[PDB]
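Report on the following structure.
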Ligand SMILES: [Mg+2]
Ligand SMILES: [Zn+2]
Ligand SMILES: [Zn+2]
Ligand SMILES: [Zn+2]
Ligand SMILES: [Zn+2]
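Protein chains in written order, with PDB author numbering: chain A, 1 to 67; chain B, 56 to 134, 144 to 270; chain C, 355 to 405; chain D, 13 to 58; chain E, 15 to 69, 81 to 243, 251 to 874, 886 to 1174; chain F, 456 to 859; chain G, 1 to 115.
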């Protein structure tokens, strides 16, 4: 639902790159160039950022249980 | 009150790297500590207390992990790269927890693995023929290769042995890469020393 | 002709190259649930008391 | 002893005793949720 | 103007996206229900006859109008409030709306003393509502509005909520009605049989099947007979024709044979005439029909009346049930005989039972209409009895008390709740399997279940013909998605652009045909039918025409202009036989296609331009259909269509194949369904693999729905880190797999590493699993309610106590609160208590009836919900949360039928690694590829390596000539990798290079619901069944495993007699009986006083102890119940 | 314990095993004993029964134990043999050019249970000590059994000419005094057929020695395969341009041949053969042409394969696959049949609405002229789905009648 | 349900010996060293160092089961030598090699950070 912390394969930290990745994408980067800007050179970490679906943004459309 | 259940948050916190450079050698394993569940000699206390009161989504990141030890902090929080995202909170959602960090290594759990990839290679030109390419021309050259482009692999070395191993040790952040290598050599040497001690006891007991 | 029986277990099967052909690798929970009624003798009195 | 519940619609903390119809006092909604316990549950971050 | 090939792949998919923006994936369900509510209920209410009751005063009670309000709920105070579907799910309510009917009761006694009393909005019942239909509160709501209501915006709807349970109506296949089908049964007295399941336009009775058969050769020739309904004896066709008023043989053959220049037809009908010459007038023929019937009246008068009523009502209702229709019925029965003779003369082909042009899909609307007809008839009956018992006393009555609304309400609710489709009393004549529980395991499973079709041939049937993938399923049913168990080919799935017609009235078409040059059937002379073309509308022969070609041109122009003919109307011109069959009825599966001009598409570039700005200029799919550019073609009209697979087929070629195409595929990949549209490169796999994946995408974990936090589902699996596939098809954009994916991209290496992945198994990375790889959370909901059914005994939620409760287990109840309910966040292990319920007794005055955890779960309480159920006692739902970390024995699958369990998990240092230290997440065995021929797995792995290295999403759409393996390899060689996806790996244990370069790369894997922890089970002297004292059945019952007949046979072959006796006697049901040595019957033993005696023999000394199974004692006693004397003689 | 898998078809579906307690929650089986159970690890579950008396325990130990179950009375041959990885790997291991170094040899000898502790003299002493794979399998082979077999790739005209006893291809397996004197081991030598090494081991040596033989083959060969490795990928599915041109020329010629037969039938220039109607004769001619095309293209693909091809490796060892599978992956998938005939005219004189009426050509009636790597066209995809549905129906419908 | 704790791969159980030496009776001057709670990391280096001793005739190791957490190292030496002495010298040589490697890596790091 949320960006993983580490790459499943190598263990590189990708948790701090989702927001930067999105900011680069709205900056008219291609996904490949964006992944290059964040330093994801192994295709495992590129897999992590490139195949992520941010479902938490949809789960935050529901009001919480307590106000 | 976040949309991720408790084990999700806990698992996610476990995978945040903490600066371990000079403190890891000093701390003890909780197995070896003579204290109760915890003490400052075998553990580091973290606290996290965030509440989304404002209308925009609140990013609970590793910067919100407040430690009692200044030396052991989240790597991203160390004084660029952004902070690791623990959870996104909506107005009215709240996350308050208390973590303890321990000493361990990657055999027990990958969260204690300090590496973000260990590239290891030897014999970049296939001289020992430990690989057998069906079509050696089809394969790209190693970054450590010393061959002219017409030559696909080195001539076979019958008297050769693997020497000259190339390493690229990438650090997740907890330790410096050279600290990872030095600690690895020291740990392997202490494994062998303990093995030799137990060996001597077994030999003399016979 | 067919019936349900006690002292039976069932679970998914898994490869294990390190078992002999006549061995079966069993979980500790199946083995802790299932029991074998062993008769006591002076040959096994100590071991069975230990158990 | 109080067993305070939360409303599924108005999210109001309200106390309800046994043998009482399950009704929120603020909006009358019929679905209520218990609050998170105060007991101390521990997680190994694994 | 023309769309060039280089733009085509965009244009077509743009068109496809517009379709899914307009329709969706559950459009058939919603349209069926909408037609049922808008039209079918009103038609059913009006088609019921007014109930005239009189002792004197009389009352008619005519029902005239219906009103269906929005879904509401009535509390105990009775306040109506709008009920939201989520509240229905949580509170176990039924998401139904009240149906009110206007009733008009006029008093007529004498002397023109008439006065009408109208009861506006008389509450006649409650009708369950399909979600997201027009009459659903979630209709037209925005995604923000749905999220405000705790609803998922991606939820398709198309299901009902009955008692909190989401029920989905499965479309039921049936042979089309009002159509003549000539078959030939090999083993039967008849050579050829022409059947016609006839049913009037607005259904009021079942389908009346009429058969017109030919007797098999071996008196003199072949005789034609007719098996009329309600008559248990064959009847000659000539007798039926005379009974309809056609006595002269010339008239009958004028109606049967339209071309008198054809002696073959003549000699083949001659035996039937020769067999019917003694009967020569209408009354005598009617008497013969009545006599052959199963109720032969002693007097010929009532025989003739009965025959008249049968031939007017039960014979061919679709032709017309009123009087003076004998001419139409005669023409139609003559057409049936003509079709039979054409089949017997070889001039026409026998009809194919499996052709989907001959089938209809009974959807939610027409199924609920069947229920509503039965239930409204029962309601009117009950009203008749109630009003009769009052007017017999000569006084007025209150219709509100006559209407017991429970008939309609409880009937629809029961039928949708159980699936038994029919009256609750006829629970065995009713057909089950309709209305199943919606599958909420993953979004693909939900979509597929909502697009599920069913062929009710019966799973027991072992004839493969109905299970075969017929040619006519192309574009209408997924070729791949089908269960591989006992229902192969019977349970089907819609193709993506397949639309089941909702139904329409033939009135405008018939009116236009009248205004057009068609000639009615009663006004013509039969001599004109020879060269003319017949015109059938919904099976009824309505007239004839002289130029069928320009008629078809006119009708196609009318349908393409959205004129009087609506889009879903099928219009088939059979040319060789001169019929023109027009269909407007419901259940016709059809699909959209691009119309083709001379040799060009009508879809010009301007349509693609307007479709690109679909969100600004509101140019939608319906504007594409209204432009005459797209057309819905049904299975039966496809027979007359010449399709182009792509616009490339419309190019002029060195040798033209067709050069006269009429339509074009929007894209061939639309032949696949929901679950097959997720397979990448399915045209590079063996088809069984695609079927197995289509089945296994439904057990894959993911996020089954966005609002899973609020749902109290019995079972739910949510994946921690779902990922969209790196290699995807262009159809998942509409399945919403990208928004709710059900897997993870795993670096998979196809290698032989340590032997722990052999025979369909995988080696996973323990380090990856530690990082959250394929981790899931399992949510289990327990429900409970405290019933105050009566003062005799009442249940109540309260923390039990050891001093008052009787059946209180030794488990501790400290985790419960004073309310008797556990609190969220509490860690609960197996056998623990979550709800403390106590029931008052008649360990005193209350017994423990607490709800324990399903054993061996060990979760944490996620949340607790308390509310009131329909009747209004306290009702609790507790959701417990258990984190499932993948382990040895958990089942995983790729999208290519490649399933396997985790053999072992190695840490990152134990796994093999590339020069750049990449270890595989999964290692699968190379031996799973060759026999299976899942080359799509390898192409997906290679494409995924390219996608990950390039920063894109691979296009694995099935039939795409712009993507082949050589292009992918050339792309991969540009990123510094071996072009075929191989890499040098190093042994993780020793660090030496592996001699064989391993094939490794990203592949989309799925974690399936089948985890080993939910399957492992063991027993050693647990509970036993009551009847036969044998171990229980199931893990949940702590039961024992069945040592069946085949195990008995195996151990007999082994010769293991003591093991066989241990399994079948000593480990199952050991028992002892006492037998009389004289009569061998079980005696009476009293072991405390040691007195054994046989009452039969009156002895107490010659008794013997016998050690026998309890099941054998039970058998012998059940035989003695049958007066059998099984005497166990010990000598 | 008795270990069982359903359906229990024969006496080998319930065999006695010795329990080995291990960490996780699955029943762990040896890989040779999977063929008797018909068991694979795609979610199969098995039943364990624990005998509860010394008498039943002795019964199972003396009658139903797996080593006593190696040879089946059904067909007087082994019921379990060497299986997937161990079979591909033993094929690769006993090739003539497999040379092991001193450390590798010691690593493999660590996994021999029946090893006398004596390192054998290497087959090559100079310039560098090297053992051969046959030299280590000779240590695996028990007793002093003698066996002659032939590798699956053994040419049939080699036993006649010279080199009968010195095989150029290292076929013609010869084991003498329990040493693999020569030959490449495969399914024919270690599988479940009659007269194989496992059978001869069971007949000459006891069941205990044969049990150890199975275990030692598996352990040694899997630990060597850790060095050698085995895989499969796209590169194994690819053929050279010459092979592709040959296959396309074959298919084009076959389609022209079918067109010629169609033209003959259309002109009444086709006369029926005895015992068949004209339709059946035309169908026979077309099916013969297309079967010839499929076989020729398959032969072209098979000859195109290299010695490094992993499909060929698994087919040669007999571990998995067949030459027809290679042909369908590389050359051509071929004719799809429904009820033993070409695709029926399910529409009116058509197989699909994409064809003209009365089109008896190969593509119209269900000839898949593409390979699985090439990818099927939409009509080929639907026809292939029809043909596969036939197999699914057969598999799901035969079970009830056969079980009854 | 059946998951062993992850520390069981590294930690010795109470009363369980780190290393056990058993005389191999098949051939003379051979021993089996069963080392508990170690894996390929030490087994491979100890074996390969023992192979450098010309007085070692056999040196091999195996992990008998991956799910179990012990290794067995078989060492055979020449009659004038001992497998226990060979194993001791192999560990001593590995320790000296790693000490030298550590000191040289420290020197290389110092050079790299300085210049
Ligand atoms: Mg299986
Ligand atoms: Zn990575
Ligand atoms: Zn401490
Ligand atoms: Zn409220
Ligand atoms: Zn008696």
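A virtual CB, placed ideally from N, CA and C, is assigned to each residue, including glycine.
From the DSSP output, which residues share a beta bridge with residue i?
{"i": "residue 298 of chain E", "result": "For residue 298 of chain E, which the question treats as bridged, DSSP gives no partner whatsoever."}
{"i": "residue 31 of chain G", "result": "G/23 and G/75"}
{"i": "residue 749 of chain E", "result": "E/810"}
{"i": "residue 26 of chain E", "result": "Answer by DSSP bridge pairing: none, since residue 26 of chain E is not bridged."}
Taking all protein chains shown into account, do 16 or more other C-beta atoms lie within 10 angstroms of the C-beta of residue i, making it buried, or fewer, making it exposed?
{"i": "residue 51 of chain E", "result": "buried"}
{"i": "residue 20 of chain E", "result": "exposed"}
{"i": "residue 692 of chain E", "result": "exposed"}
{"i": "residue 330 of chain E", "result": "exposed"}
{"i": "residue 397 of chain C", "result": "exposed"}
{"i": "residue 57 of chain G", "result": "buried"}
{"i": "residue 210 of chain B", "result": "exposed"}
{"i": "residue 687 of chain F", "result": "buried"}
{"i": "residue 484 of chain E", "result": "buried"}
{"i": "residue 550 of chain E", "result": "buried"}
- request: May I have a chain-ordered list of the alpha helix (DSSP H) segments no shorter than 4 residues that lie completely inside the stretch 487-535 of chain F?
  value: 489-492 and 509-518
- request: Report yes or no: do three or more beta-carbon pairs, one from the stretch 373-381 of chain C and one from the stretch 1075-1095 of chain E, lie closer than 8 Å?
  value: no
field: Distance cut 7 Å, beta-carbon to ligand 3 heavy atom: residue list by chain order
entry: B/83, B/85, B/88, B/90, B/93, B/94, B/96, B/97 and B/98
query: Is it true that the stretch 731-739 of chain E meets the stretch 170-189 of chain E, where meeting means three or more beta-carbon pairs spaced less than 8 Å apart?
result: yes
- prompt: Near ligand 5, which residues have their beta-carbon less than 5 Å from any of its heavy atoms, given in chain order?
  reply: E/1119, E/1121, E/1122, E/1137, E/1139 and E/1140
query: Near ligand 4, which residues have their beta-carbon less than 6 Å from any of its heavy atoms, given in chain order?
result: D/19, D/21, D/22, D/24, D/36, D/38, D/39 and D/41
query: Which residues have their C-beta within less than 6 Å of a heavy atom of ligand 2, listed in chain order?
result: A/7, A/9, A/10, A/12, A/42, A/44 and A/45
message: Quick check: the stretch 183-203 of chain E against the stretch 446-453 of chain E, are at least 3 beta-carbon pairs closer than 8 Å?
response: Touching, per the Cβ criterion.
query: Pick out every residue whose C-beta is nearer than 6 Å to a heavy atom of ligand 1: which are they, in chain order?
result: After applying the 6 Å Cβ criterion, the set is F/495, F/497 and F/499.
query: Which whole runs of the beta strand (DSSP E) in the stretch 778-834 of chain E are 3 residues long or more, in chain order?
result: 793-797, 808-817 and 827-829
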